[PDB]
Number of protein chains: 2
Amino acid sequence: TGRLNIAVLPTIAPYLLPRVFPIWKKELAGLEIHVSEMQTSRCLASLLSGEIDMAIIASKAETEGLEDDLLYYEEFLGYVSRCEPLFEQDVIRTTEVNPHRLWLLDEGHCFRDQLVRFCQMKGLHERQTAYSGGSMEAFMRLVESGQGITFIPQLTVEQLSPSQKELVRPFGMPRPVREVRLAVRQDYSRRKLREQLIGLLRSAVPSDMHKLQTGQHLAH
Amino acid sequence: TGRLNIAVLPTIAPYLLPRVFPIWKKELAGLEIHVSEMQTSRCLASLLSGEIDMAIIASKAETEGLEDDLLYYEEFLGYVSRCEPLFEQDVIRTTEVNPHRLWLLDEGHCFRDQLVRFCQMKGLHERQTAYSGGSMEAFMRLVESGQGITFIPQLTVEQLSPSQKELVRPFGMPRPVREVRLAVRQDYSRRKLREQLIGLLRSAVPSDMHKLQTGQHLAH
């Protein structure tokens, strides 16, 4: 028996957890699991201090005292409003992405400038309404309403309605991907549970995602 | 026309902003606007600190130095999975809400335990997975995968697909609502702008939401 305190990114929680919860019930029976959503900073801080046992993140921790393991890769996809000129195109054209109509998550897209081609593109901050601290939910709602463009995680596609799927435009190759990883402290003394968790989370997604597929590139 | 810093709760943003942005662009041309999503605690402190000028919250500030104006009332609705006993019912029923399969938002549903019935319901924590500080999006996805019950704000409905609309269950009267309000420093110096934002934000939602209708009760 025992208890497990695990954090999860807001840009992962909605897409991954629906898949994992049923799997935990059957495999992790006898264990009380406390799930919490945090952004990366909180995750790394909580891991170190011992506030949480594990953290599901979208990047390497690269933090003294912590370590992480690959769970799966996940492509970023264009979510393009029906009002954008780019809607008539089949793929996202970097050079046609209008900086003034782009919604970027500070940490979802621009954690250490991951999608740098957009995070640091000229004209980005030139618009009436600046949006900071925004959520994927908000951004998608905006796009669906005909305002702008944003980027959504592959795992969310199967959750999308027929109408929503129409807004999806993948990238031209190479396609941007983030890495979803399970982070802990180096001295984490539950190696067997850790091992079990890694397996369960990885089994929560299609195996194809376990490895970088030709045509995909880790966004840096 | 100047700069305006305005914060909005994560539980309101995705539902209100797509409505207002189109309005602000026409009516507030020339004014620089910086929107950021914040929780109620940060909104209040940021108002008192000057970091932000306005905050769209879901409660009365009830804080020395701050005041606020009503924008509109918004119903909480049941969001029930197809697997749940309640699914065959027409409306949410206190007694028949299984605390072990309920997803509640820290501030979204239990700000000062606004929804006391559920926020303080026996067994709410008797589960395998305690979900801390989850997002509305995550809870909605969990419900859509046949996992549990949550409550969502009325303004979300119009955004839902047909399928998602099948999961909606209204409360029996009195139906619980929250109040969405605009909060400012009592000494805020831009009065005309304040009055303009109050009118504009109220024009962003159906006028029937401006007042508390029959069968509705301000949750507390």
Side-chain angles (χ1 to χ4, degrees), chain A residues 1-8 10 13-14 16-18 20-26 28-38 46 51-53, chain B residues 9-11 39-41 58-59 74-89 91-154 156 167-172 174-178 217-220:
Chain A
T1 57
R3 172 176 169 167
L4 184 65
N5 307 315
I6 179 181
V8 185
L16 176 58
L17 298 183
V20 313
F21 276 15
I23 299 177
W24 284 346
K25 186 62 60 177
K26 52 178 64 291
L28 296 179
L31 179 80
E32 184 205 7
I33 299 175
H34 279 76
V35 175
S36 56
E37 292 190 40
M38 308 175 182
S46 293
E51 180 182 353
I52 69 179
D53 295 325
Chain B
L9 283 60
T11 71
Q39 295 198 291
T40 302
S41 292
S59 60
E74 190 184 30
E75 269 192 49
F76 286 97
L77 307 180
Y79 208 50
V80 175
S81 107
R82 303 176 199 269
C83 293
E84 320 297 317
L86 268 162
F87 194 89
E88 62 165 19
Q89 304 295 151
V91 297
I92 298 301
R93 323 208 295 175
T94 307
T95 71
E96 296 196 346
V97 169
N98 179 2
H100 310 273
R101 293 179 66 89
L102 186 57
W103 308 109
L104 289 178
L105 295 161
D106 302 349
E107 290 193 6
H109 301 127
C110 300
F111 187 60
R112 287 193 273 281
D113 289 336
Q114 177 174 21
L115 303 172
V116 64
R117 75 197 58 168
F118 308 116
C119 300
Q120 296 296 330
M121 181 175 51
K122 299 287 183 174
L124 183 56
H125 296 111
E126 293 181 346
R127 327 147 67 118
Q128 183 193 30
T129 300
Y131 203 154
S132 181
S135 68
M136 179 79 80
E137 182 184 25
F139 290 178
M140 284 185 50
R141 291 303 86 73
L142 286 164
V143 165
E144 286 156 26
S145 72
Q147 276 166 112
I149 308 180
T150 207
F151 315 99
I152 65 181
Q154 170 85 33
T156 306
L167 308 180
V168 176
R169 298 294 185 279
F171 278 86
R175 312 191 184 95
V177 302
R178 59 181 181 174
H217 168 94
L218 179 50
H220 170 240

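So that the names make sense, note that chain A is the first sequence line, chain B the second, and so on, each numbered from 1. Quick note: numbers below take in every heavy atom, side chains included, and nothing from hydrogens, waters or symmetry partners.
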Rounding to 0.5 Å, atoms CG (B/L77) and CG (B/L167) come to a distance of 12.0 Å

Taken to the nearest 0.5 Å, the spacing of B/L115 CG from B/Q120 CD works out to 11.0 Å

Would you say the side chain of B/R178 lies within less than 4.5 Å of the side chain of B/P153, judging by non-hydrogen atoms? yes

To the nearest 0.5 Å, what is the distance between CD1 (A/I6) and CD1 (A/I52)? 8.0 Å

Given side chains that start at C-beta, do those of A/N5 and A/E51 come closer than 4.5 Å, heavy atoms only? no

So which atom in B/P10 and which in B/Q39 form the shortest heavy-atom distance, rounded to 0.1 Å? CD-N, 4.2 Å

So, the side chain of B/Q114 versus the backbone of B/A219: is there a donor-acceptor pair under 3.5 Å, distance only? yes

Side chain to side chain, B/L142 and B/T150, heavy atoms closer than 4.5 Å: no

Beyond-backbone contact of B/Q128 with A/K25, side-chain heavy atoms, under 4.5 angstrom: yes

Considering only heavy atoms from C-beta outward, does the side chain of A/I33 approach that of A/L28 to under 4.5 Å? yes

Determine, stepwise, if the pair B/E75 / B/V177 fulfils side-chain contact (heavy atoms from CB on, under 4.5 Å). CA-CA 4 Å; B/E75 269 192 49; B/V177 302; 3.3 Å; yes

State, yes or no, whether a side-chain contact exists between B/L86 and B/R169 at a heavy-atom distance under 4.5 Å. no

Under 3.5 Å, is there a donor-acceptor pair between the B/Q147 and B/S145 side chains? yes

By side chain to side chain donor-acceptor pair (under 3.5 Å), B/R141 pairs with (sequence neighbours left out) B/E144

Between B/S81 and B/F87 the two heavy atoms that sit nearest each other are O-CD1, 3.1 Å

Would you check if A/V35 and A/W24 make a side-chain contact, meaning some heavy-atom pair closer than 4.5 Å? yes

Separation between NE2 (B/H125) and CG (B/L102), nearest 0.5 Å, reads 10.0 Å

Please list, chain by chain and in numerical order, all residues satisfying side chain to side chain donor-acceptor pair (under 3.5 Å) with A/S36, sequence neighbours excluded. none

For B/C110, check disulfide (SG to SG under 2.5 Å) against everything at least two apart and list the hits. B/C119

Once side chain to side chain donor-acceptor pair (under 3.5 Å) is applied, do any residues pair with B/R101, and if so which ones, sequence neighbours excluded? B/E84

Does atom NE2 of B/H100 have more than 12 heavy-atom neighbours, drawn from other residues, nucleotides or ligands, at distances under 6.0 Å? yes

Measure the spacing between OG1 of B/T11 and CG of B/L105 and express it to the nearest 0.5 Å. 7.5 Å

Test: side-chain hydrogen bond (donor to acceptor under 3.5 Å, both in side chains). Region: residues 102-112 of chain B. Which pairs qualify, not counting sequence neighbours? B/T40-B/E107

Please identify each residue that fulfils side-chain contact (heavy atoms from CB on, under 4.5 Å) with B/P85, with sequence neighbours left out. none

Can you name the nearest heavy-atom pair linking B/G78 to B/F171, along with the distance? N-CE1, 4.3 Å

Interatomic spacing from CD1 in B/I92 to CD1 in B/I149 - rounded to 0.5 Å: 5.5 Å

Please give me the minimum heavy-atom distance between B/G123 and B/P99, naming the atom from each residue. C-CB, 3.6 Å

A side-chain contact here means heavy atoms from C-beta on lying under 4.5 Å apart; do B/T156 and B/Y79 qualify? no

Indicate, with yes or no, if the rings of B/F118 and B/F151 have centres closer together than 6.0 Å. yes

